Structure formats: structure tokens, C-alpha cells
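Below you'll find the structure, written out as C-alpha cells, and then a few comments.
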Amino acid sequence: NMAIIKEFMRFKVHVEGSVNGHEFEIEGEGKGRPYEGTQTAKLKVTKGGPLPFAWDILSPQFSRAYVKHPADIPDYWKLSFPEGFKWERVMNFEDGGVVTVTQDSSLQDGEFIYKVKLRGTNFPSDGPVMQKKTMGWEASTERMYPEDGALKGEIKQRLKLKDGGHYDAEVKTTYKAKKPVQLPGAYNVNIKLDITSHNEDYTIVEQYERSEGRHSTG
């Protein structure tokens with residue numbers, strides 16, 4: 001797979017979603033160094049803009065081919081190619097907001113292709129998501145473990161707030177290769193996602209993300 005997952009790779013992403021009933025679409029493209037764990041993306045809202053909610057609930061839904069791993073931890077996402085992988089995620093925010101996501105990752109014409117579907121519900125109208133009071137994610141650690149023939153990850157994820165403090169989410173994701181792939185044992189993925197630029201109404205947004213697997217035993 002080192003022959004097809006090159007040291008520099010591009011991707012395209014399409015998102016269809018709704019948050020508290022507000023429909024939208026995003027198209028974007030990105031690039032990065034899969035073995036170094038780094039990538040950038042530029043996203044454009046193509047339907048439903050400007051979004052009446054915080055961009056930050058969308059940013060983690062877009063790119064698992066770009067996680068650096070030690071040589072002795074199998075990289076489940078890279079090994080799944082050429083066929084690729086899918087994932088499903090649930091985010092429970094502390095004020096009762098919920099985001100559920102499904103995703104398909106494939107490799108076509110030498111680029112990764114990501115398709116995301118998202119449903120956000122039950123965000124309070126006066127809360128930090130619908131009032132756009134958030135200011136980016138703190139760095140996170142996703143605790144990975146194999147279960148039921150799939151790879152699971154759990155995160156206690158924290159969103160900075162305008163007026164101070166944090167807004168918390170509990171996140172669980174199941175990642176599933178489209179063909180049999182060697183599952184890793186338990187380990188951690190450290191993630192930091194930054195919004196590097198955006199226009200005033202967040203209809204054009206650029207991101208940078210660093211993701212690195214680390215042993216949690218040994």
C-alpha cells in the first residue's frame with residue numbers, strides 16, 4: 001500500500017447535512033502528507049449558506065488517511081486501500097445537542113474521495129452552536145480499540161467558548177474497512193485541528209490538521 005498511498009496525496013470532500021433542520025452542502029478539497037500526519041483543506045458552502053450555526057461542529061467531519069503511525073502499529077485506514085473504509089460517528093454535546101455522521105472514503109484516480117452525511121439536532125436556540133459562540137477545538141486524544149471486527153475510537157472533545165471556558169462533547173466513532181484488514185490493539189490518536197482562515201460568514205474556510213498515533217502501552 002505504500003505504492004498507492006503516496007507521501008503526498010490530495011482529496012476531495014462532499015458534505016450533505018442538516019443542523020436543527022437547516023439544510024446545507026459543502027464541497028472542498030485538500031492535500032497532505034499521509035505518513036507525516038498533516039493535511040490542509042479548503043471548504044466552500046455550496047448550498048444553504050450562510051450557515052446559521054457554528055462551523056466548529058462540522059470541522060471534525062473532514063480525513064483518516066492522514067494519521068501518522070509508528071511502524072509497529074498497523075494503520076487501519078491506510079491498509080484498507082485501494083477499497084477504503086467507512087465510518088459512523090455520534091457526538092453528544094453537554095447541552096443536549098447531537099451530531100450523527102456517516103462517511104465513505106475511497107481512492108479514485110489517485111486522490112481520496114470523501115462523502116459525508118451529517119444530522120445535527122436538538123441544539124438549544126440560545127446555545128453556543130446556534131449563536132456562533134465557539135472558537136475552535138482544543139487538541140484531543142482519541143482512544144482507539146478493536147471491537148466486533150471494527151476499529152472504535154472514543155473522544156472527550158472540548159470546544160473553546162467566546163466568553164471563556166469550554167463546551168464539551170463525548171464522541172464515539174466506528175471505522176470499518178471495506179475488506180478484511182489487520183486490526184490494531186488499543187492505542188491513542190492525538191489530533192489538533194486549526195481553522196487557519198475563513199471569510200466573514202464562514203462560507204469559505206481553510207483548515208489544518210495534525211493527527212498522530214501513539215502507543216498507550218509498552
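Note on naming: chains are A, B, ... as they come in the C-alpha cells, residues start from 1 per chain, ligands start from 1 in the order shown.
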
Exercise for the section: Mind the document's chain letters and residue numbers, and return as a ChimeraX atom specification the residues of region 16-148 of chain A that DSSP labels strand (DSSP E or B). Expected result: /A:16-19,22-33,38-47,68,85-93,98-108,111-121,134-137,140-147

What are the nearest atom pairs, with distances in Å to one decimal, for all residues of region 42-144 of chain A that come at most 7 Å from region 196-211 of chain A, using only C-alpha atoms, set out by chain and rising residue number as a Markdown table?
```
| residue | atom | partner | partner_atom | distance |
| --- | --- | --- | --- | --- |
| A:42 | CA | A:206 | CA | 4.4 |
| A:43 | CA | A:205 | CA | 5.2 |
| A:44 | CA | A:204 | CA | 4.7 |
| A:45 | CA | A:203 | CA | 5.0 |
| A:49 | CA | A:203 | CA | 6.4 |
| A:50 | CA | A:201 | CA | 6.0 |
| A:55 | CA | A:202 | CA | 7.0 |
| A:67 | CA | A:211 | CA | 4.9 |
| A:68 | CA | A:211 | CA | 6.4 |
```

Exercise for the section: Extract, using only C-alpha atoms, all DNA, RNA and protein residues at most 12 Å from residue 118 (chain A), discarding same-chain residues fewer than 3 positions from it, and format them as a PyMOL selection string. Expected result: chain A and resi 14-26+57-62+87-91+98-103+115+121

Practice task
Kindly indicate which residue among A:167, A:8, A:76, A:137 lies nearest to residue 97 (chain A), using only C-alpha atoms for the distances.
Solution key: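 Comparing A:167, A:8, A:76, A:137 against residue 97 (chain A), the winner is A:167.
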
Problem - Separation of CA of residue 69 (chain A) from CA of residue 186 (chain A) in Å - result: 13.0 Å

Residues near residue 149 (chain A), anyone? I mean within 12 Å using only C-alpha atoms, not counting same-chain ones fewer than 4 positions away, as a PDB file with C-alpha atoms, in the first residue's frame.
```pdb
ATOM      1  CA  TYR A  76      -6.010   0.518   9.665  1.00  0.00           C
ATOM      2  CA  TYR A 145      -9.621  -0.115  20.330  1.00  0.00           C
ATOM      3  CA  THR A 174     -16.738   3.103  14.410  1.00  0.00           C
ATOM      4  CA  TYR A 175     -14.350   2.771  11.471  1.00  0.00           C
ATOM      5  CA  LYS A 176     -14.775  -0.231   9.159  1.00  0.00           C
ATOM      6  CA  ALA A 177     -12.518  -1.243   6.265  1.00  0.00           C
ATOM      7  CA  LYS A 178     -14.318  -2.385   3.119  1.00  0.00           C
ATOM      8  CA  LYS A 179     -12.147  -5.555   3.045  1.00  0.00           C
ATOM      9  CA  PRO A 180     -10.514  -7.587   5.833  1.00  0.00           C
ATOM     10  CA  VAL A 181      -7.643  -5.623   7.339  1.00  0.00           C
ATOM     11  CA  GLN A 182      -5.424  -6.304  10.364  1.00  0.00           C
ATOM     12  CA  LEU A 183      -6.879  -4.528  13.415  1.00  0.00           C
ATOM     13  CA  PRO A 184      -4.511  -2.751  15.799  1.00  0.00           C
ATOM     14  CA  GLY A 185      -4.643  -3.188  19.541  1.00  0.00           C
TER      15      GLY A 185
END
```

Exercise for the section: Considering only C-alpha atoms, return as number ranges by chain whatever protein or nucleic-acid residues lie within 7 Å of region 124-132 of chain A, sequence-local ones (same chain, fewer than 4 positions apart) excluded. Expected result: A: 52-54

Residue selection dump (N, CA, C and O atoms) as a PDB file, in the first residue's frame:
```pdb
ATOM      1  N   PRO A  52     -26.369  29.154   9.760  1.00  0.00           N
ATOM      2  CA  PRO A  52     -26.784  29.826  10.997  1.00  0.00           C
ATOM      3  C   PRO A  52     -26.338  29.085  12.263  1.00  0.00           C
ATOM      4  O   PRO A  52     -27.066  29.050  13.275  1.00  0.00           O
ATOM      5  N   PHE A  53     -25.151  28.485  12.226  1.00  0.00           N
ATOM      6  CA  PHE A  53     -24.624  27.731  13.359  1.00  0.00           C
ATOM      7  C   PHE A  53     -23.107  27.666  13.239  1.00  0.00           C
ATOM      8  O   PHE A  53     -22.546  27.968  12.172  1.00  0.00           O
ATOM      9  N   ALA A  54     -22.452  27.261  14.318  1.00  0.00           N
ATOM     10  CA  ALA A  54     -21.005  27.239  14.417  1.00  0.00           C
ATOM     11  C   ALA A  54     -20.376  26.265  13.429  1.00  0.00           C
ATOM     12  O   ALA A  54     -20.677  25.062  13.434  1.00  0.00           O
TER      13      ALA A  54
END
```

What lies within 9 Å of residue 216 (chain A) using only C-alpha atoms, ignoring chain neighbours under 6 positions off, as a PDB file with N, CA, C and O atoms, in the first residue's frame?
```pdb
ATOM      1  N   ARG A 143      -9.119   7.611  21.885  1.00  0.00           N
ATOM      2  CA  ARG A 143      -8.733   6.300  22.403  1.00  0.00           C
ATOM      3  C   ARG A 143      -9.264   5.244  21.465  1.00  0.00           C
ATOM      4  O   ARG A 143     -10.490   5.119  21.294  1.00  0.00           O
ATOM      5  N   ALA A 186      -5.206  -1.590  21.277  1.00  0.00           N
ATOM      6  CA  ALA A 186      -5.556  -0.288  21.796  1.00  0.00           C
ATOM      7  C   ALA A 186      -4.368   0.655  21.668  1.00  0.00           C
ATOM      8  O   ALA A 186      -3.215   0.274  21.927  1.00  0.00           O
ATOM      9  N   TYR A 187      -4.644   1.904  21.283  1.00  0.00           N
ATOM     10  CA  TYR A 187      -3.623   2.946  21.190  1.00  0.00           C
ATOM     11  C   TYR A 187      -4.328   4.285  21.127  1.00  0.00           C
ATOM     12  O   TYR A 187      -5.564   4.322  21.119  1.00  0.00           O
ATOM     13  N   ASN A 188      -3.569   5.381  21.087  1.00  0.00           N
ATOM     14  CA  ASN A 188      -4.144   6.722  21.083  1.00  0.00           C
ATOM     15  C   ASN A 188      -3.837   7.449  19.789  1.00  0.00           C
ATOM     16  O   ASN A 188      -2.771   7.284  19.226  1.00  0.00           O
TER      17      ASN A 188
END
```

Exercise for the section: Could you tell me how far CA of residue 92 (chain A) lies from CA of residue 114 (chain A), in Å and to one decimal? Expected result: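 Separation of CA of residue 92 (chain A) and CA of residue 114 (chain A): 23.1 Å.
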